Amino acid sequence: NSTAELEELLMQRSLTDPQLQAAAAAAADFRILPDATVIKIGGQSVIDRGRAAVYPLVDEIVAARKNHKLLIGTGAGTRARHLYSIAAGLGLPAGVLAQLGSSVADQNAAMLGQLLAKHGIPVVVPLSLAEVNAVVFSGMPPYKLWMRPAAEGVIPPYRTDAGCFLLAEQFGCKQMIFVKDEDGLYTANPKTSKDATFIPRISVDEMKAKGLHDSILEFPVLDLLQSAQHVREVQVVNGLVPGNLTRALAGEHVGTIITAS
């Protein structure tokens, strides 16, 4: 297209106009933090398990910021499940539940941040990443009462996997790593199935075709991934295995790589 045609369309058409949408799609693509990696530290899968899970990951974070710029987001976990149960039983809508879950992810960010404070790493970005090479943040999206509900039920569909993914995408980060409590994706939930098979690499479409739309990641994240401009694959790893985060940051193919296409 052309800058003049885009500006003409932007003034004279609705933003819904397909011709304007197509001209905007031709715009240049700036990555804000291209050398950073976003990592999600799971709530139920890691932080809720306490020292045995968190302390080794603290050690890995401290070791990694030496050669890797990190944005470290927290999940929510069992306390958010409790709040969702109370509020859902009262008939409260997804937008109210969203704010409740955010508070739990914030508690987890505070706990992790306090263990990293002596290493210079704050809870929050540009200045911190330039100096101490890492920050900690709460993973819940800020949608609050404006959370889009799911098709069924009042549980917010965009929780901390989505929040972390969207930050990686909108900052143009080079990599997104989800740190959970299983080695990766399996053909069935490994906690409730005896003979589930490990999947090292899969596309979103293949996951859907295998019935795995809502397995180790919030299924809305898989659709966000297919729409993403910058982060076109993600890696899921087991944070309970010593060194697994370090190895993933070093390029080792631990865990499962899920690709947009």
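Definition used throughout: the rigid core is the maximal C-alpha set that superposes within 1.5 Å between two forms. Position 1 is the first residue in the sequence shown; the rest follow in order.
> Do the Cα atoms of 189-197 or of 217-225 sit farther, on average, from the shown structure in 9 other deposited structures of this protein when the rigid core is superposed?
It is 189-197 whose C-alphas lie farther from the shown form in 9 other deposited structures of this protein.
> Overlaying the structures in 9 other deposited structures of this protein on the rigid core, point out which of 71-79 and 127-135 has the bigger RMS C-alpha shift.
Stretch with the larger root mean square C-alpha distance in 9 other deposited structures of this protein: 127-135.
> Classify the number of deposited-sequence residues missing from the model between residue 124 and residue 125: none, 1 to 3, 4 to 9, or 10 or more.
Per the record, 4 to 9 deposited residues are absent between residue 124 and residue 125.
> Out of 38-46 and 206-214, which stretch has the higher average CA B-factor listed in the record?
Higher mean C-alpha B-factor in the PDB entry: 206-214.
> Looking at the deposited entry, does 233-241 or 6-14 carry the larger mean Cα B-factor?
Comparing 233-241 with 6-14, the higher average CA B-factor belongs to 6-14.
> Name the residue from 32, 53, 61, 221 with the greatest C-alpha temperature factor listed in the entry.
Checking the PDB record, the top C-alpha B-factor among 32, 53, 61, 221 is at 221.
> Kindly indicate the residue among 83, 151, 112, 176 with the greatest C-alpha B-factor in the PDB record.
Top of the list by C-alpha B-factor: 151.
> How does residue 188 rank on Cα B-factor within its chain, lowest, middle or highest third?
It falls in the top third of the chain.
> Would you mind ranking residue 106 by its C-alpha B-factor against the rest of the chain and naming the third, lowest, middle or highest?
It belongs to the lowest third of the chain when residues are ordered by C-alpha B-factor.
> Among the chain's modelled residues, which third holds the C-alpha B-factor of residue 133?
Top third by C-alpha B-factor.
> Would you check the entry's CA temperature factor for residue 89 and let me know if it's in the chain's lowest, middle or highest third?
Ranked within chain, residue 89 CA B lands in the lowest tercile.
> Considering every modelled residue of the chain and its Cα B-factor in the PDB entry, is residue 157 in the lowest, middle or highest third?
Tercile = middle for this residue's CA B-factor.
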